[PDB]
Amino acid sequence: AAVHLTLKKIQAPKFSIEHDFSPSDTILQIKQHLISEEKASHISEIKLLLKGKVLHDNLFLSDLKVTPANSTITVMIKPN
């Protein structure tokens, strides 16, 4: 019942942080966690991807295709 993810920002300022999420959580919750950790100011600025696919806010973490080999989410942040 845990979805453990690494959240890695790939453009400066970079970061790599980890957290255990609930399967029932949404991608919005990952964004909110990034705001909580002072890695972003606004949800609208944050784009998350896995394997180069954009992960939209309403997607559930239980729908992420994560495996031991890759449970890393790529983080991009751009102004509105």
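Residue indices: 1-based, along the sequence shown.
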(request) Take the C-alpha B-factors listed in the entry for 37-45 and for 23-31, compute each mean, and give the stretch with the larger one. (result) 37-45
(message) Can you tell me whether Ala1 has a C-alpha B-factor in the lowest, middle or highest third compared with the other modelled residues of the same chain?
(response) highest
(message) Quick check for you: using the entry's CA B-factors within this chain, is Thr72 in the lowest, middle or highest third?
(response) lowest
(message) Please say which third, lowest, middle or highest, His56 falls into when its CA temperature factor is compared across its chain.
(response) lowest
